[PDB]
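So you can see what is in the structure, the chains are spelled out below.
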There are 4 protein chains.
Amino acid sequence: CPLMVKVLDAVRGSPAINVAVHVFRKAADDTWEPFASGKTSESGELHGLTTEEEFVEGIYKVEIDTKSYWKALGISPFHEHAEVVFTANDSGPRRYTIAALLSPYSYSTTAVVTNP
Amino acid sequence: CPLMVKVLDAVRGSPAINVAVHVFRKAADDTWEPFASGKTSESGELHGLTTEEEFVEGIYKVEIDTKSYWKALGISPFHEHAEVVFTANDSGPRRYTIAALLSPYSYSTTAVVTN
Amino acid sequence: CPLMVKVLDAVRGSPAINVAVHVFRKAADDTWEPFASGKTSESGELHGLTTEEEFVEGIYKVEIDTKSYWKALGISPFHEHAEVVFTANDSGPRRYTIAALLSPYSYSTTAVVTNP
Amino acid sequence: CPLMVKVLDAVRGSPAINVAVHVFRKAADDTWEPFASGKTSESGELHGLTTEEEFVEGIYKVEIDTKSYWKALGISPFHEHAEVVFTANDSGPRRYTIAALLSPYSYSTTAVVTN
Ligand SMILES: O=C(c1cc(O)c(O)c([N+](=O)[O-])c1)c1ccccc1F
Ligand SMILES: O=C(c1cc(O)c(O)c([N+](=O)[O-])c1)c1ccccc1F
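Residues numbered from 1 in each chain as written, not as in the entry; some residues may be left out. Chains lettered and ligands numbered in written order. Heavy atoms only, no water.

The deposited coordinates for this entry were obtained by X-ray crystallography, with a reported resolution of 1.2500 Å.

Chain B is annotated in the PDB entry as Transthyretin from Homo sapiens. Quoted verbatim from the Function field of UniProt, the annotation for chain B is "Thyroid hormone-binding protein. Probably transports thyroxine from the bloodstream to the brain." Checking UniProt for chain B, the heading Sequence similarities contains the comment "Belongs to the transthyretin family." (UniProt positions renumbered as here; feature names shortened; annotations may be inferred.)

As annotated in the PDB entry, chain A carries the name Transthyretin and comes from Homo sapiens. UniProt, in the comment section headed Function, describes chain A in these words: "Thyroid hormone-binding protein. Probably transports thyroxine from the bloodstream to the brain." Taken verbatim from the UniProt record of chain A, the Sequence similarities comment is "Belongs to the transthyretin family."

K.L.:
Can you help me understand the overall build of chain A in this one?
P.N.:
In terms of regular secondary structure, chain A is built from 1 helix and 9 strands. Secondary structure elements of chain A, listed N to C terminal, follow the sequence β-β-β-β-β-β-α-β-β-β. A compact globule built from 116 residues would reach a C-alpha radius of gyration of about 13 Å, and chain A, at 14 Å, matches this within 12%. With respect to the three principal axes, the spread of C-alpha positions in chain A is 40 × 30 × 20 Å. Scored against the burial criterion, the 116 residues of chain A give a buried share of 53%. At a minimum sequence separation of 6, the contacts of chain A that also span at least 24 residues come to 59%. (Helix = DSSP H or I, 4+ residues; strand = E, 2+ residues; numbered from the N terminus. Rg over C-alpha atoms; globule rule 2.2 N^0.38 Å. Buried < 20%, exposed > 50% of the residue type's maximum accessible area, 1.4 Å probe, protein only. Contact = heavy atoms within 4.5 Å.)

K.L.:
Can you walk me through the UniProt feature "binding site: L-thyroxine" in chain B in this structure?
P.N.:
Taking the numbering used here, the UniProt-annotated feature "binding site: L-thyroxine" corresponds to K6, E45 and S108 of chain B. Inspection of the secondary structure assignment puts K6 of chain B in strand β1 (residues 3-9). Not counting residues within four places of it along the chain, the set of residues in contact with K6 of chain B comprises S43, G44, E45, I98, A99 and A100 of chain B. Within the fold, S108 of chain B resides in strand β9 (residues 106-114). Looking at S108 of chain B, the relative accessible area reads 13%, which means it is buried. Residues contacting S108 of chain B, with those up to four places away along its chain left out, are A99, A100 and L101 of chain B, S106, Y107 and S108 of chain C together with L101 of chain D.

K.L.:
It is not clear to me how the interface of chain D and chain A should be interpreted in this structure. Could you clarify?
P.N.:
Think of interface size as the accessible area that goes away when the parts come together; that is how it is often given. Between chain D and chain A, the contact holds 21 residues from the first and 21 residues from the second. The contact between chain D and chain A buries some 1,800 Å² in all, and 56% of this surface belongs to carbon and sulfur atoms. The tally of links between chain D and chain A comes to 0 salt bridges. Here chain D is connected to chain A by 14 residue pairs in polar contact. Elements supplying a minimum of two residues to the side of chain D that touches chain A: β7 (79-88), β8 (95-103) and β9 (106-114) of chain D. No other element matches β7 of chain D, which puts 8 residues into the side of chain D that touches chain A. Looking at the side of chain D that touches chain A, its residues break down into 11 nonpolar, 7 polar and 3 charged. With 7 bridges joining them, strand β7 (residues 79-88) of chain A and β7 of chain D adopt antiparallel strand pairing. When the bridges of β7 of chain D are listed, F86 of chain A appears paired with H79 of chain D. (Buried area = accessible area lost by both parts, 1.4 Å probe. Salt bridge = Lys/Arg side-chain N within 4 Å of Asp/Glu carboxyl O. Polar contact = N/O pair within 3.5 Å; in protein donor to acceptor, adjacent residues only side chain to side chain. Nonpolar A, V, L, I, M, F, W, Y, C, P; charged D, E, K, R; others polar. Pairing = 2+ DSSP bridges.)

K.L.:
Can you help me understand the side chain of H79 of chain C in this one?
P.N.:
Topologically, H79 of chain C is positioned in strand β7 (residues 79-88). Among the residues examined, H79 of chain C registers a relative accessible area of 4% and is labelled buried.

K.L.:
How do you make sense of the site of ligand 2 when you look at a structure like this?
P.N.:
Close to ligand 2 lie 15 residues; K6, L8 and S108 of chain B together with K6 and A99 of chain D are nearest. Nearby residues place ligand 2 at the junction of chains B and D. Contact between ligand 2 and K6 of chain B: an oxygen atom at 3.0 Å from a side-chain N or O atom of the residue. Elements supplying a minimum of two residues to the shell around ligand 2: β1, β8 (95-103) and β9 of chain B together with β1 (3-9), β8 and β9 of chain D. Partitioning the shell around ligand 2 into residue classes produces 8 nonpolar, 5 polar and 2 charged. (Near = heavy atom within 4 Å.)

K.L.:
What exactly am I supposed to notice about the environment of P2 of chain B here?
P.N.:
As for its placement among the helices and strands, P2 of chain B is situated in the segment before β1. Not counting chain neighbours up to four residues away, the residues in contact with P2 of chain B comprise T50, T51, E52, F55, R94, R95 and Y96 of chain B.

K.L.:
I'm lost on unusual backbone geometry in this one. Help?
P.N.:
The phi angle of most residues is negative, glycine excepted, and most peptide bonds adopt the trans form. Its identity is not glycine, yet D30 of chain A carries a phi of approximately 75°, on the positive side. Mapped onto the elements of the fold, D30 of chain A is located in the loop between β3 (20-26) and β4 (32-39). For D30 of chain A, a relative accessible area of 55% gives the class exposed. Its identity as a non-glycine residue notwithstanding, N18 of chain B has a phi of 60°, on the positive side.

This is how it looks when you write it as structure tokens:
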């Protein structure tokens, strides 16, 4: 509930389905620790990545594997991935939606942050 | 010099070339009067639309013929066109760039206003 | 159900609430007939604009009143509104989400079109 | 000439000036090695990062220090930075512009790749 990822396809006008997403958290030693991962559903959404207990304060990286998505639709794309890096929960728990809108040579990303 | 339009293609990663662009000025009766038009260049840009003398304060609409652009590339698009409607304000900086980034089902637009 | 509008605020990282939206449909005589209107909710969404019976084939214009939104947050913005113009339902009924992401000097819009 | 970065501000409608930009090249061991860096100019652009000789095929990362930019304007932003990661490909056009459009809680990036 506290972290959701939504991915849209600007070419098709559709959810981006089956997009791999890997989340990392920065460790004490400044490495990126694997935190959670999953795939977008037929709605373009990925729920169930973490829990409010697990999703502590930290610096998180949400890596959206855009290059496999375009390639398996016959578009050799430009980017390797889209990386979204942010501090979370540093004023207490929040709910985060990380959205991405994909094109072969472009993407946009936004965050919607709500206080439960 | 006061108004430039720039159009980019997010599918090909390129300028959007030969895109028709029409600029209108809102009239006193609230209708849109033709003001300037042209086709984007090889660089995706359209310069020479107006002059400082002619580009007075008011409400302008820039209509970008995105549907024809996509059609000519053999791609089916969503929008009829992209319209950008704004007020020219003499208190702000003097040069306006209206940029548009096109995808078949999406577009982005921004204004870069400088002195 | 067949037409939904969602508006997000890129400055706040939040839904854009209380945004006025006016929908028009192009008439036979090429004028823009008022079709429906409403305001975004606290989720940034506007539902209930039309019905599948009413939402016939045509050219529709969704006008999102971005300039009142920025102004009532102390930002004099650049655009008068964001206009989204599209042909709908010309291959039978579809469900349309028109999304807009707003900044004071920029916006993006996308469509998600699904076949029920 | 082969690589330019352009950064724009969607809140002010302006170039994003004095933004730190770091470019890295992916090494054989999968670590990121510093490649080029600079600060955007008054036009929001950063030219002179590399030369045709040095800019060989490979995976590059462009990291744009968006957090410091927003902080210096007294605005609280969401992201730590914006990272753009791509492969340089000799089969495609020769000149790469990496553009970024910044808002506090959002950014857009596109590549304009030309000959
Ligand atoms: O359009 C976007 C967006 C975001 C959402 O959270 C969302 O629910 C929907 N939507 O349903 O279409 C759309 C968007 C996503 C990423 C970056 C820029 C964007 F404009
Ligand atoms: O990417 C954009 C943009 C703008 C410019 O003015 C420009 O010179 C370049 N560029 O050279 O790539 C790119 C852009 C355009 C419109 C809306 C959102 C955007 F991100």
